[PDB]
Amino acid sequence: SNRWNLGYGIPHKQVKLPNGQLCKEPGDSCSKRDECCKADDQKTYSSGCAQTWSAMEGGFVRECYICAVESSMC
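Residue numbering for the sequence shown follows the authors' numbering, starting at 1 and increasing by one per position.
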């Protein structure tokens with residue numbers, strides 16, 4: 001589960017949410033899918049925060065991820 005998997009390397013643009021809190025980072029636990037922001041090229045890369053078996057955390061937790069929609073290889 002390298003950082004690349006969460007598209008962390010990819011350059012993203014941070015922004016303030018209407019909820020009052022800031023967007024969620026890739027790899028870190030989130031509160032809701034809506035918390036997950038979009039990448040610079042959301043049109044090509046799909047962003048989202050869903051539960052994922054974490055060996056370190058020891059429990060299903062929603063972690064942000066960013067990958068290419070057309071580029072399945074990603």
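We put the CB at the ideal spot given by N, CA and C, even for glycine.
Rounded to the nearest whole angstrom, the C-alpha separation of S54 and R62 is 9 Å. The DSSP-derived three-state label of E57 is coil. For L22, the three-state secondary structure derived from DSSP is strand. Straight across, the Cα-Cα distance linking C37 with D28 is about 13 Å.
Judged by DSSP secondary structure, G48 falls within the beta strand (DSSP E) whose first and last residues are 45 to 52.
Distances from the CA of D40 to each of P11, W4, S1, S72 were compared; the closest alpha carbon is that of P11.
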